[PDB]
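Enquirer: A single structure is presented below for examination.
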Amino acid sequence: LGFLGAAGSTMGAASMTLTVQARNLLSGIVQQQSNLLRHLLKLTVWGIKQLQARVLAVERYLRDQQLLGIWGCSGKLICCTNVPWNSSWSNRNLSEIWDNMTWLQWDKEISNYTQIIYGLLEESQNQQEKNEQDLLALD
Amino acid sequence: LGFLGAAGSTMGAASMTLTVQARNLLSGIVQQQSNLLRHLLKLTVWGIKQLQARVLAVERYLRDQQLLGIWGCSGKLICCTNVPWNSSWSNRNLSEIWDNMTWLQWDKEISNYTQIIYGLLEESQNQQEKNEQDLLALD
Amino acid sequence: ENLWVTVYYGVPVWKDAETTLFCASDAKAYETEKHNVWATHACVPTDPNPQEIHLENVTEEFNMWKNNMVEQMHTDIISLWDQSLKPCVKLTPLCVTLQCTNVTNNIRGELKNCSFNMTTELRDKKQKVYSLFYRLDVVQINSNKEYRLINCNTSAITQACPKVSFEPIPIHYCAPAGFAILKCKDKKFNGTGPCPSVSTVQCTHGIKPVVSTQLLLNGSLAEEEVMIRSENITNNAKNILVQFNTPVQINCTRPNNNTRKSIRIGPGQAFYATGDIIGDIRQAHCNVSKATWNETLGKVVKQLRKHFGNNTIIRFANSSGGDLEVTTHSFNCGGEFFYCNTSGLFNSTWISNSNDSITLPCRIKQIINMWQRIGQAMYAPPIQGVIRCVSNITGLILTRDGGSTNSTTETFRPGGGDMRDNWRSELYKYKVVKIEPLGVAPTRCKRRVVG
Amino acid sequence: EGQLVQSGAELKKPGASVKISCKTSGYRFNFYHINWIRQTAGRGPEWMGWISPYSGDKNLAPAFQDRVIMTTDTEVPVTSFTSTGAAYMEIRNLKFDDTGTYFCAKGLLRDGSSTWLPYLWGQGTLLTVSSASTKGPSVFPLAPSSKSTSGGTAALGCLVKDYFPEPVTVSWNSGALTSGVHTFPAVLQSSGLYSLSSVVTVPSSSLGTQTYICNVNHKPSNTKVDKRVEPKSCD
Ligand SMILES: *[C@@H]1O[C@H](CO)[C@@H](O[C@@H]2O[C@H](CO)[C@@H](O[C@@H]3O[C@H](CO[C@H]4O[C@H](CO)[C@@H](O)[C@H](O[C@H]5O[C@H](CO)[C@@H](O)[C@H](O)[C@@H]5O)[C@@H]4O)[C@@H](O)[C@H](O[C@H]4O[C@H](CO[C@H]5O[C@H](CO)[C@@H](O)[C@H](O)[C@@H]5O)[C@@H](O)[C@H](O)[C@@H]4O)[C@@H]3O)[C@H](O)[C@H]2NC(C)=O)[C@H](O)[C@H]1NC(C)=O
Ligand SMILES: *[C@@H]1O[C@H](CO)[C@@H](O[C@@H]2O[C@H](CO)[C@@H](O[C@@H]3O[C@H](CO[C@H]4O[C@H](CO[C@H]5O[C@H](CO)[C@@H](O)[C@H](O)[C@@H]5O)[C@@H](O)[C@H](O[C@H]5O[C@H](CO)[C@@H](O)[C@H](O)[C@@H]5O)[C@@H]4O)[C@@H](O)[C@H](O[C@H]4O[C@H](CO)[C@@H](O)[C@H](O)[C@@H]4O)[C@@H]3O)[C@H](O)[C@H]2NC(C)=O)[C@H](O)[C@H]1NC(C)=O
Ligand SMILES: *[C@@H]1O[C@H](CO)[C@@H](O[C@@H]2O[C@H](CO)[C@@H](O[C@@H]3O[C@H](CO[C@H]4O[C@H](CO[C@H]5O[C@H](CO)[C@@H](O)[C@H](O)[C@@H]5O)[C@@H](O)[C@H](O[C@H]5O[C@H](CO[C@H]6O[C@H](CO)[C@@H](O)[C@H](O)[C@@H]6O)[C@@H](O)[C@H](O)[C@@H]5O)[C@@H]4O)[C@@H](O)[C@H](O)[C@@H]3O)[C@H](O)[C@H]2NC(C)=O)[C@H](O)[C@H]1NC(C)=O
Ligand SMILES: *[C@@H]1O[C@H](CO)[C@@H](O[C@@H]2O[C@H](CO)[C@@H](O[C@@H]3O[C@H](CO[C@H]4O[C@H](CO[C@H]5O[C@H](CO)[C@@H](O)[C@H](O)[C@@H]5O)[C@@H](O)[C@H](O)[C@@H]4O)[C@@H](O)[C@H](O[C@H]4O[C@H](CO)[C@@H](O)[C@H](O)[C@@H]4O)[C@@H]3O)[C@H](O)[C@H]2NC(C)=O)[C@H](O)[C@H]1NC(C)=O
Ligand SMILES: *[C@@H]1O[C@H](CO)[C@@H](O[C@@H]2O[C@H](CO)[C@@H](O[C@@H]3O[C@H](CO[C@H]4O[C@H](CO)[C@@H](O)[C@H](O)[C@@H]4O)[C@@H](O)[C@H](O[C@H]4O[C@H](CO)[C@@H](O)[C@H](O)[C@@H]4O)[C@@H]3O)[C@H](O)[C@H]2NC(C)=O)[C@H](O)[C@H]1NC(C)=O
Ligand SMILES: *[C@@H]1O[C@H](CO)[C@@H](O[C@@H]2O[C@H](CO)[C@@H](O[C@@H]3O[C@H](CO[C@H]4O[C@H](CO[C@H]5O[C@H](CO)[C@@H](O)[C@H](O)[C@@H]5O)[C@@H](O)[C@H](O)[C@@H]4O)[C@@H](O)[C@H](O)[C@@H]3O)[C@H](O)[C@H]2NC(C)=O)[C@H](O)[C@H]1NC(C)=O
Ligand SMILES: *[C@@H]1O[C@H](CO)[C@@H](O[C@@H]2O[C@H](CO)[C@@H](O[C@@H]3O[C@H](CO)[C@@H](O)[C@H](O[C@H]4O[C@H](CO)[C@@H](O)[C@H](O)[C@@H]4O)[C@@H]3O)[C@H](O)[C@H]2NC(C)=O)[C@H](O)[C@H]1NC(C)=O
Ligand SMILES: *[C@@H]1O[C@H](CO)[C@@H](O[C@@H]2O[C@H](CO)[C@@H](O[C@@H]3O[C@H](CO[C@H]4O[C@H](CO)[C@@H](O)[C@H](O)[C@@H]4O)[C@@H](O)[C@H](O)[C@@H]3O)[C@H](O)[C@H]2NC(C)=O)[C@H](O)[C@H]1NC(C)=O
Ligand SMILES: *[C@@H]1O[C@H](CO)[C@@H](O[C@@H]2O[C@H](CO)[C@@H](O[C@@H]3O[C@H](CO)[C@@H](O)[C@H](O)[C@@H]3O)[C@H](O)[C@H]2NC(C)=O)[C@H](O)[C@H]1NC(C)=O
Ligand SMILES: *[C@@H]1O[C@H](CO)[C@@H](O)[C@H](O)[C@H]1NC(C)=O
Ligand SMILES: *[C@@H]1O[C@H](CO)[C@@H](O)[C@H](O)[C@H]1NC(C)=O
Ligand SMILES: *[C@@H]1O[C@H](CO)[C@@H](O)[C@H](O)[C@H]1NC(C)=O
Ligand SMILES: *[C@@H]1O[C@H](CO)[C@@H](O)[C@H](O)[C@H]1NC(C)=O
């Protein structure tokens, strides 16, 4: 275990842990609450690099976390979707990918049409599914 | 379609799409990851306007997204509530508003007591509803 | 088979990108003596616990010449140096005609007793006082010699602050959230390539900004025999970094007993001139254990053997061309800036398979503008008292043998032409990556039908 | 995906012992297992043992766990996902029943349900545990037995008689010509001497200006002589 501890292991192992990566993603001991505590101008070059790094920290976290909210998966770490898998994406079989490719390799295998999957993802799970209440919310 | 593509269409159409507005709300191509990449002082007037604009970006997104979390609607884009509609708000009927007013007009029709609705919203759906486990969580 | 897509938040995948990093260091200067030029008045404190994970099964490829952490390092030091000189005494009034004389030939003369006319506290009145200056820092004009500061011709001048430490202290570079720094734990790492032993430490090791020329000090050394790294070997032109396995100890000391003479030039401002010397004039020196040096120079030609024409003739020459301040082992020590003659170390040549100690002559300069920066130069005030530095020498910098088309033999003479390569001797193993926690994968699993 | 190629043809006296090698490429040599299987003349392919390049735990069959010890070194990375490696296998004391063809093959998957089975196979190595001595082959020309050459194209070849041990192939000068040529299987005389034949399917036209030199590369004998076909001919 550890942060990215299973980065080189098979995809089945990264499926098993996963939180250790998600936990250490927003806040860090490195930030350490700023201030010297314990000259009186904090306009130094260091303060500029820190604050612009604290911004992109939450700017990149919220850019990805906004994606989880529009897919109905905000509350959980792994959610299933109602989008069928299209064979043009990969020809490999069920146990052939989860035990032989590792995630590091997999991100390069879908990076071509990865944005296209994201487009179809907002539709089937939250554009129609959240709409389907119309008939079932009350009759 | 498109960003605000149904801003002038009836409320029934904005109900149908809606994500295109919600998607392009936090992150933008305009931000474009800052830095020149490809004089050594980034204290320029431009860097001040950009960073203060990136802050109010997530400051306004999280101010509204915090409201969705205290209503039990964080995970989804459209959730139903257990607050009955009070007739003093509007006298119009079910199909009379969704097909004749457009949202742009509607926001002006509730802006007077809109904050009062928000107050009652935290109560019935999350102050009582999340509390109701007391009896049902375990007997 | 109705395979459905499923999302996974926190997937261990990354892509090479370079973001803005920041400082980290614990209790250093503090109360007794602070105001360090680098650590400022406050750096974010480093965590006492360092986090290193031996990433398994991974073989990420590094590149130390196309790595941007060294370029971020370069522009940070420049902006950090200029910020530590901006609020201090400017020495614009120091540009007057200087009438100077030798010192005690006794009819041996390398400093001059300068008399000149300078403004006082009151703008109306003027004052004449003496001061001593080192050679080359002043030049003649056209019976009584007449001189001028070498920088008044070029750019402006600003005195270094009196209570500022130019001592390099460890500065840690660490990543921003969603980022990680990858460490090459492979001992042998010829140039750059796929590293089998990777770690994803959140924070680098203790990096000291040792401002050095040609030869590196207080650096990091891998355990194997001396490493040789070139962006491209055989492109005679590209410079060569050299990592030792065991560092040599070189101690330097200035025997001059400088007295402090503070003369005001207007209000609050006070120029700190060299006073009058106490004791016989002695040239500054550097000691190198001749025994320790002969073997370090030998292990390199053994490693260089397998990289340059196998078994043939490898010679070492004195710098070769260039300017006086870049061809000598320049550095800072205690506040005064030394320039030592390296021709005494790069003269031997071996090929075909209580104790004596080499010493190096050194001269001192008080006028400096480093990193070939023609914007503004600074005057380093003379350090009152005794001077002694004792730092390990861990790295080296080499250069060409001209353009010998094939032929008989190869020679490598030192040439610390640039400053950014000095930090590349400390950053060969690191590289930062951007974590992408969003991964999508198929599995025969779908959520509830209606909702 | 990467051709694991086996270097072989090594064969010695019974009981001498030998080590075989298999050069890998095109895959992460680190964590796929590598197996050893042979087929003997009496049929029945027999799995020898599997070995993991990581950690090093191996489980060899009980029928060979006392006389066969196999080991393997590390690999040099090429990219983040490929590498080049090699595997070795040592055996002790052998007889004619140990003669046959030997394959090394990459373990199928990187998981826990099934890995010990091979996936991608080496080119194979022919081992001969015969008590007979080494003999250089004899080259003989193939006569121009008349064959229809409508369109100006006809087949030919070169004959090989009485050789030992192990078979070998027939090539051509400077390569180039590999498609549409058919050399025939080896033959075992009742005398114990092997032989073989080659027949090329290329345009022959009229004998003379075209190239008719057949190239032969071999075993303990090696090669130096590559003979052409004699000119006197029919039709
Ligand atoms: C990245 O690095 C990692 C290392 O960090 C590499 O990981 C290695 O990957 C290989 C690939 O094959 C593994 O090899 C074998 O794994 C077998 C797993 O079997 C388990 O799962 C199957 C189903 O998938 C179950 O059927 C098995 O048994 C179940 O059912 C039984 C009933 O039939 C039950 O009785 C049983 O309780 C269980 O429910 C089982 O769960 C494994 O069997 C096989 O074992 C061989 O090697 C062993 C080495 O040590 C293992 O076993 C000991 C105990 O003996 C444990 O204490 C260790 O933790 C470890 O599990 C050896 O002891 C056995 O005798 C066998 O010779 C193989 O282990 C490797 O296990 C795995 N690495 C490690 C650390 O073991 C990875 O390959 C690399 N990169 C990539 C991408 O490949
Ligand atoms: C590569 O790395 C090497 C190794 O780090 C590095 O070399 C160091 O360089 C720094 C400067 O860059 C040196 O630090 C300076 O030291 C000056 C001289 O004093 C030194 O030695 C003192 C010896 O004290 C012992 O003996 C005395 C009696 O003789 C006794 O009282 C003591 O108790 C002790 O037994 C030592 O004390 C002193 O520093 C500590 O203690 C004194 C008080 O004792 C205190 O005043 C200090 O603040 C400190 O806590 C020091 O080690 C020193 O003058 C100088 O500046 C200070 O003093 C001046 C004097 O006026 C003040 O004006 C100023 O405000 C400061 O307070 C500074 O501390 C260091 O010694 C070198 N090496 C060692 C041994 O660590 C190389 O530079 C690096 N490479 C490069 C690029 O150069
Ligand atoms: C970098 O450059 C700077 C430049 O400033 C250097 O700093 C300078 O260093 C020099 C070193 O020589 C200093 O000169 C000193 O001046 C003081 C003060 O002047 C009084 O004494 C003078 C004596 O005459 C000198 O020269 C004769 C020549 O033979 C010598 O014999 C004698 O020893 C002296 O060196 C007087 O002329 C002067 O006049 C008034 O008082 C007199 C007192 O009586 C003196 O003279 C009589 C004869 O008249 C003698 O018998 C008697 O013994 C005594 O010497 C009086 O008679 C006269 O009528 C007047 O009333 C002063 O009293 C001297 O005391 C030192 O001996 C020396 O000459 C510079 O002052 C100094 N610069 C400054 C800032 O002033 C700096 O050193 C250099 N870098 C280094 C290496 O540090
Ligand atoms: C580089 O140059 C500098 C500047 O000269 C050197 O700095 C001085 O060096 C000397 C010699 O190495 C040191 O040693 C001695 O210090 C004695 C103490 O003086 C200090 O404390 C005094 C307290 O009282 C003492 O003196 C009184 C008399 O006034 C006595 O009654 C009493 O018992 C004490 O002994 C202070 O009053 C004084 O101001 C100092 O702070 C000195 O007394 C001694 O003086 C002798 O030598 C002098 C020349 O150096 C000479 O002029 C005198 O007449 C006398 O013969 C001597 O100075 C100093 O400690 C040291 N510091 C300072 C600030 O002066 C430095 O050493 C040199 N580098 C090298 C290579 O040595
Ligand atoms: C030139 O080179 C010589 C030879 O290296 C140096 O002499 C060594 O100086 C170093 C540092 O200046 C000393 O190194 C270390 O001292 C440690 C002190 O112990 C503990 O506490 C400190 C303070 O909290 C911690 O920082 C430290 O980590 C320890 O917890 C030793 O414990 C170290 O030894 C072992 O553990 C560390 C822990 O990570 C490892 O990193 C080490 O590799 C090692 O396994 C270490 O010894 C050292 O004692 C001096 N002697 C020797 C023979 O090394 C000169 O100082 C140096 N000069 C310069 C300026 O470069
Ligand atoms: C510092 O700033 C000054 C002023 O701006 C610069 O100018 C020189 O300053 C020095 C003093 O340090 C001058 O030299 C001195 O001149 C004194 C008198 O000058 C007048 O007479 C001179 C001739 O001397 C006769 O008269 C004197 C009267 O005392 C008698 O003692 C002599 O015996 C002679 O009879 C003339 O040349 C001069 O022009 C005046 O009329 C003199 O008494 C001193 O002994 C000394 O010589 C010097 O003249 C100033 N100008 C020059 C030409 O340099 C100075 O350069 C600045 N800094 C430096 C570099 O020192
Ligand atoms: C490269 O290194 C070689 C040695 O490996 C070196 O050659 C040596 O140079 C030194 C110094 O020039 C020579 O030593 C001199 O020898 C002459 C007689 O040949 C003596 O007269 C000299 O004595 C005077 O100078 C000494 C100081 O240099 C004083 O201490 C002494 O009192 C005298 O005034 C002096 O001993 C030496 O002979 C050669 N040869 C050898 C084999 O040592 C070469 O110069 C170096 N080149 C560079 C540019 O570094
Ligand atoms: C550190 O070690 C690395 C790993 O070995 C080095 O990387 C290797 O760098 C070489 C040169 O850049 C790459 O390619 C080589 O190409 C030469 C030239 O081949 C051509 O000419 C020869 C005759 O001169 C001829 O025989 C060929 O057919 C070609 O026409 C080859 O001779 C080499 O065999 C080799 O292919 C390597 O591919 C590359 N190795 C890899 C993949 O890592 C690196 O250069 C070393 N140095 C540094 C500073 O990193
Ligand atoms: C740098 O200057 C220092 C002195 O300030 C010189 O250091 C001293 O070097 C000698 C070399 O013989 C050391 O002598 C021996 O040290 C060993 C321990 O290493 C000790 O067991 C012996 O009894 C003897 O003292 C001496 O200790 C050492 N001093 C210290 C404390 O470092 C040094 O040699 C100079 N550099 C060069 C170029 O030599
Ligand atoms: C997958 O989608 C692409 C783009 O619409 C289409 O060309 C392809 O035929 C689809 N494959 C199937 C049948 O899922
Ligand atoms: C709506 O709420 C207002 C304020 O409490 C109240 O005056 C009004 O009578 C309510 N109307 C109904 C009956 O919903
Ligand atoms: C270095 O060598 C050159 C000849 O290449 C020589 O002229 C010069 O005097 C030597 N000394 C230095 C340190 O320049
Ligand atoms: C001289 O150096 C050698 C090697 O470092 C050392 O063993 C010896 O003790 C030193 N000098 C003497 C004679 O002590």
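Each chain in the structure tokens gets a letter, A, B and so on, in the order shown; residues start at 1 in every chain, and ligands are counted from 1 in the order they appear.
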Could you list, as a PyMOL selection string, every residue of chain C that has an atom within 7 Å of an atom of chain A, counting only C-alpha atoms?
Expert: chain C and resi 2-13+20-23+42+44+53+55-58+80+176-178+442+445-447+450-451
Enquirer: Give the residues of chain D that lie within 7 Å of chain A; count only C-alpha atoms, and format the answer as a list in words.
Expert: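 Close to chain A, chain D has residues 109, 110 and 111 of chain D.
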Enquirer: Please return as a ChimeraX atom specification the residues found within 10 Å of ligand 9, counting only C-alpha atoms and all ligand atoms.
Expert: /C:248-253,286-293,354-359,388-392
Enquirer: Please check the contacts: residues of chain A at most 6 Å away from chain B, using only C-alpha atoms, listed as a VMD selection string.
Expert: chain A and resid 69 72 74 to 75
Enquirer: Select residues of chain C: the criterion is any atom within 7 Å of an atom of chain D, counting only C-alpha atoms; output as JSON, numbers by chain.
Expert: {"C": [58, 59, 60, 61, 194]}
Enquirer: Need to verify the contact set: residue C:368, 9 Å, only C-alpha atoms, exclusion of same-chain residues closer than 5 positions in sequence. Can you return it as JSON, numbers by chain?
Expert: {"C": [151, 337, 377, 378, 379, 380]}
Enquirer: Could you write out that same residue set with N, CA, C and O atoms as a PDB file, in the first residue's frame?
Expert:
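again-v4.pdb was written with the following content:
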ATOM      1  N   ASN C 151      32.536  49.055 -12.681  1.00  0.00           N
ATOM      2  CA  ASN C 151      31.105  48.936 -12.940  1.00  0.00           C
ATOM      3  C   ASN C 151      30.428  50.267 -13.264  1.00  0.00           C
ATOM      4  O   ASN C 151      29.438  50.270 -14.006  1.00  0.00           O
ATOM      5  N   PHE C 337      34.070  36.923  -2.105  1.00  0.00           N
ATOM      6  CA  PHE C 337      33.924  36.092  -3.290  1.00  0.00           C
ATOM      7  C   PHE C 337      35.296  35.745  -3.848  1.00  0.00           C
ATOM      8  O   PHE C 337      36.046  36.631  -4.269  1.00  0.00           O
ATOM      9  N   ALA C 377      24.769  45.371 -10.819  1.00  0.00           N
ATOM     10  CA  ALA C 377      25.816  44.710 -10.052  1.00  0.00           C
ATOM     11  C   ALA C 377      25.745  45.127  -8.588  1.00  0.00           C
ATOM     12  O   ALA C 377      25.120  46.128  -8.229  1.00  0.00           O
ATOM     13  N   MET C 378      26.401  44.343  -7.737  1.00  0.00           N
ATOM     14  CA  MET C 378      26.377  44.585  -6.303  1.00  0.00           C
ATOM     15  C   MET C 378      27.787  44.588  -5.734  1.00  0.00           C
ATOM     16  O   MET C 378      28.677  43.887  -6.221  1.00  0.00           O
ATOM     17  N   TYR C 379      27.976  45.390  -4.692  1.00  0.00           N
ATOM     18  CA  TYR C 379      29.235  45.458  -3.964  1.00  0.00           C
ATOM     19  C   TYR C 379      29.114  44.637  -2.690  1.00  0.00           C
ATOM     20  O   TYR C 379      28.277  44.936  -1.831  1.00  0.00           O
ATOM     21  N   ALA C 380      29.946  43.613  -2.568  1.00  0.00           N
ATOM     22  CA  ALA C 380      29.978  42.816  -1.351  1.00  0.00           C
ATOM     23  C   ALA C 380      30.867  43.499  -0.320  1.00  0.00           C
ATOM     24  O   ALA C 380      32.071  43.647  -0.560  1.00  0.00           O
TER      25      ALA C 380
END
Enquirer: Compute the set of protein, DNA and RNA residues whose minimum atom distance to ligand 3 is at most 10 Å, using only C-alpha atoms and all ligand atoms, and state it as an MDAnalysis selection string.
Expert: chainID C and resid 100:104 112:115 128:132 275:278
Enquirer: Please identify every polymer residue within 7 Å of ligand 6, using only C-alpha atoms and all ligand atoms, and present the set as a PyMOL selection string.
Expert: chain C and resi 97-99+115-117+128
Enquirer: Using only N, CA and C atoms, please write the residues we just selected to a file, as a PDB file, in the first residue's frame.
Expert:
ATOM      1  N   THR C  97      36.265  60.379  -9.730  1.00  0.00           N
ATOM      2  CA  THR C  97      37.651  60.137 -10.102  1.00  0.00           C
ATOM      3  C   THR C  97      38.439  59.694  -8.875  1.00  0.00           C
ATOM      4  N   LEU C  98      39.100  58.547  -8.983  1.00  0.00           N
ATOM      5  CA  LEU C  98      39.825  57.944  -7.873  1.00  0.00           C
ATOM      6  C   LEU C  98      41.322  58.064  -8.117  1.00  0.00           C
ATOM      7  N   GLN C  99      42.038  58.624  -7.148  1.00  0.00           N
ATOM      8  CA  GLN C  99      43.491  58.742  -7.207  1.00  0.00           C
ATOM      9  C   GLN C  99      44.076  57.751  -6.208  1.00  0.00           C
ATOM     10  N   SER C 115      42.058  57.439  -2.447  1.00  0.00           N
ATOM     11  CA  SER C 115      41.477  58.663  -1.921  1.00  0.00           C
ATOM     12  C   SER C 115      40.537  59.239  -2.970  1.00  0.00           C
ATOM     13  N   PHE C 116      39.379  59.713  -2.522  1.00  0.00           N
ATOM     14  CA  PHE C 116      38.349  60.178  -3.439  1.00  0.00           C
ATOM     15  C   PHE C 116      37.385  61.064  -2.666  1.00  0.00           C
ATOM     16  N   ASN C 117      36.548  61.784  -3.409  1.00  0.00           N
ATOM     17  CA  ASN C 117      35.681  62.797  -2.828  1.00  0.00           C
ATOM     18  C   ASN C 117      34.218  62.384  -2.970  1.00  0.00           C
ATOM     19  N   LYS C 128      36.335  63.870   2.258  1.00  0.00           N
ATOM     20  CA  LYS C 128      37.360  63.028   1.650  1.00  0.00           C
ATOM     21  C   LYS C 128      37.802  61.984   2.665  1.00  0.00           C
TER      22      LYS C 128
END
Enquirer: Between C:419, C:88, C:198, C:386, which one has atoms that come closest to residue C:431, using only C-alpha atoms?
Expert: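 Smallest separation from residue C:431 among the options: C:198.
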Enquirer: Please compute the atom CA of residue D:176-atom CA of residue D:212 distance, one decimal, in Å.
Expert: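 Atom-to-atom, atom CA of residue D:176 to atom CA of residue D:212, that is 13.6 Å.
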Enquirer: Just the residues within 7 Å of stretch 157-168 of chain C, please, counting only C-alpha atoms, with nothing from its chain fewer than 3 positions along; format it as a list in words.
Expert: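 Skipping anything fewer than 3 positions along the chain leaves residues 35, 36, 37, 85, 88, 89, 90, 91, 92, 208, 209, 210, 334, 335, 376, 377, 378, 379, 380 and 381 of chain C.
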Enquirer: Can you write just those residues out, N, CA and C atoms, as a JSON list (two decimals), in the first residue's frame?
Expert:
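Okay, selection10.json is ready:
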[["chain", "number", "residue", "atom", "x", "y", "z"],
["C", 35, "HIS", "N", 17.95, 36.42, 8.51],
["C", 35, "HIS", "CA", 18.07, 37.23, 7.30],
["C", 35, "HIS", "C", 18.86, 36.51, 6.21],
["C", 36, "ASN", "N", 18.64, 35.20, 6.07],
["C", 36, "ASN", "CA", 19.31, 34.46, 5.00],
["C", 36, "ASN", "C", 18.80, 34.94, 3.64],
["C", 37, "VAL", "N", 19.71, 35.01, 2.67],
["C", 37, "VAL", "CA", 19.36, 35.56, 1.36],
["C", 37, "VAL", "C", 18.36, 34.66, 0.64],
["C", 85, "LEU", "N", 18.33, 42.40, -2.53],
["C", 85, "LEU", "CA", 19.21, 43.54, -2.72],
["C", 85, "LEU", "C", 18.41, 44.81, -2.99],
["C", 88, "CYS", "N", 18.02, 48.24, -0.12],
["C", 88, "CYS", "CA", 19.28, 48.48, 0.58],
["C", 88, "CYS", "C", 19.90, 49.77, 0.06],
["C", 89, "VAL", "N", 21.15, 50.01, 0.44],
["C", 89, "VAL", "CA", 21.84, 51.24, 0.10],
["C", 89, "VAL", "C", 22.37, 51.15, -1.32],
["C", 90, "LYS", "N", 21.95, 52.09, -2.18],
["C", 90, "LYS", "CA", 22.50, 52.20, -3.52],
["C", 90, "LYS", "C", 23.74, 53.08, -3.49],
["C", 91, "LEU", "N", 24.78, 52.65, -4.20],
["C", 91, "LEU", "CA", 26.07, 53.32, -4.18],
["C", 91, "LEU", "C", 26.33, 54.10, -5.46],
["C", 92, "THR", "N", 25.32, 54.80, -5.95],
["C", 92, "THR", "CA", 25.52, 55.70, -7.08],
["C", 92, "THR", "C", 26.55, 56.80, -6.82],
["C", 208, "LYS", "N", 21.04, 22.23, -1.53],
["C", 208, "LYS", "CA", 21.72, 23.47, -1.18],
["C", 208, "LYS", "C", 22.07, 24.25, -2.44],
["C", 209, "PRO", "N", 21.70, 25.53, -2.53],
["C", 209, "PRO", "CA", 22.03, 26.34, -3.73],
["C", 209, "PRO", "C", 23.47, 26.81, -3.72],
["C", 210, "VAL", "N", 24.39, 25.86, -3.88],
["C", 210, "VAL", "CA", 25.82, 26.15, -3.86],
["C", 210, "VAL", "C", 26.21, 26.89, -5.13],
["C", 334, "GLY", "N", 31.45, 33.12, 3.34],
["C", 334, "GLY", "CA", 31.38, 34.06, 4.44],
["C", 334, "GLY", "C", 30.94, 35.46, 4.03],
["C", 335, "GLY", "N", 30.81, 35.70, 2.73],
["C", 335, "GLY", "CA", 30.44, 37.00, 2.21],
["C", 335, "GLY", "C", 31.43, 37.58, 1.22],
["C", 376, "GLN", "N", 22.09, 44.88, -13.04],
["C", 376, "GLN", "CA", 22.61, 45.63, -11.91],
["C", 376, "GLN", "C", 23.62, 44.78, -11.14],
["C", 377, "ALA", "N", 24.77, 45.37, -10.82],
["C", 377, "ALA", "CA", 25.82, 44.71, -10.05],
["C", 377, "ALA", "C", 25.75, 45.13, -8.59],
["C", 378, "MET", "N", 26.40, 44.34, -7.74],
["C", 378, "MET", "CA", 26.38, 44.58, -6.30],
["C", 378, "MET", "C", 27.79, 44.59, -5.73],
["C", 379, "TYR", "N", 27.98, 45.39, -4.69],
["C", 379, "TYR", "CA", 29.23, 45.46, -3.96],
["C", 379, "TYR", "C", 29.11, 44.64, -2.69],
["C", 380, "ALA", "N", 29.95, 43.61, -2.57],
["C", 380, "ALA", "CA", 29.98, 42.82, -1.35],
["C", 380, "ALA", "C", 30.87, 43.50, -0.32],
["C", 381, "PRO", "N", 30.33, 43.93, 0.82],
["C", 381, "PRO", "CA", 31.17, 44.60, 1.81],
["C", 381, "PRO", "C", 32.21, 43.65, 2.35]]
Enquirer: Once DSSP has gone over the backbone, tell me which residues of stretch 9-132 of chain B are in alpha helix (DSSP H), as an MDAnalysis selection string.
Expert: chainID B and resid 11:16 19:23 45:69 94:98 104:110 114:122
Enquirer: What does the structure give for the distance between atom CA of residue C:324 and atom CA of residue C:153, in Å to one decimal?
Expert: 18.5 Å
Enquirer: Give the answer as one residue: which of D:44, D:84, D:137, D:160 has the shortest atom-to-atom distance to ligand 8, using only C-alpha atoms and all ligand atoms?
Expert: D:84
